Amino acid sequence: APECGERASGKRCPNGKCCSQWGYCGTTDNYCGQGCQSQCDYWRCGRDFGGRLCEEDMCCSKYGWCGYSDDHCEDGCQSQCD
Ligand SMILES: [Ca+2]
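The record names X-ray crystallography as the way this model was obtained, at a resolution of 1.50 Å.

Where the PDB entry is consulted, the chain appears under the name lectin-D2, with the organism given as Phytolacca americana. The title given to this entry in the Protein Data Bank is "Crystal Structure of Pokeweed Lectin-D2". UniProt lists a comment for the chain under the heading Function, and it reads "N-acetyl-D-glucosamine binding lectin. Shows no hemagglutinating activity towards rabbit erythrocytes and weak activity towards trypsin-treated erythrocytes. Has mitogenic activity towards human peripheral blood lymphocytes (HPBL)." Recorded in UniProt under Subunit, the annotation for the chain is "Monomer."

Structure below.
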C-alpha cells in the first residue's frame, strides 16, 4: 500500500528518503530519479542545494554529492567530513 506522495495524503518519507512516482520510499535511482515526487535531492548537498546536510552522517563532497568515501570526505568536503 502506497506510503508516500499524492496517494498517501501527501505524506513524506522518513529519514528524508525519496518518494517514487508510485508512492514508495527509497534511495535508488528508481525512487530519486525520473518520476520522483518528493525529497528527490536526497543525494545532493552543499552550497548548490541550499546548504543542505546529508542524512545518515554522510559527508558532502566538494561537488555536492553525499557519500562516505575518501573522495566525499577529504579535500573540499563541505560538511559532516569527520
Ligand atoms: Ca560524522
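Q: Before we move on, can you summarise the side chain of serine 38 with the specific residues and values?
A: Tracing the backbone through its elements, the reader meets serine 38 in the loop between α1 (29-32) and β3 (59-60). Those residues in contact with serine 38 that sit more than four places away from it in its chain are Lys17, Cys18 and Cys19.

Q: How would you summarise the packing of aromatic side chains if you had to cite specific residues and measurements?
A: With the rule as written, the count across this model stands at one aromatic pair. Between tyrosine 42 and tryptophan 43, the ring centres sit 5.0 Å apart and the planes meet at 75 degrees, which makes this aromatic pair edge-to-face. Taking the relative accessible area as the measure of exposure, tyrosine 42 reaches 5% and is therefore buried. For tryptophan 43, a relative accessible area of 30% puts it in the partly exposed group. The ring of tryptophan 65 is capped by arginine 44, whose NZ or CZ atom sits 4.2 Å from the centre of that ring. Sitting above the plane of the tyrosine 42 ring, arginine 52 keeps its charged end 6.0 Å from the centroid.

Rules used throughout
Residues numbered from 1 in each chain as written, not as in the entry; some residues may be left out. Heavy atoms only, no water. UniProt positions renumbered as here; feature names shortened; annotations may be inferred. Helix = DSSP H or I, 4+ residues; strand = E, 2+ residues; numbered from the N terminus. Contact = heavy atoms within 4.5 Å. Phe/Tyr/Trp six-rings, centres within 6.5 Å; stacked < 30°, edge-to-face > 60°. Buried < 20%, exposed > 50% of the residue type's maximum accessible area, 1.4 Å probe, protein only. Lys NZ or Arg CZ within 6 Å of the ring centre and 35° of its normal.

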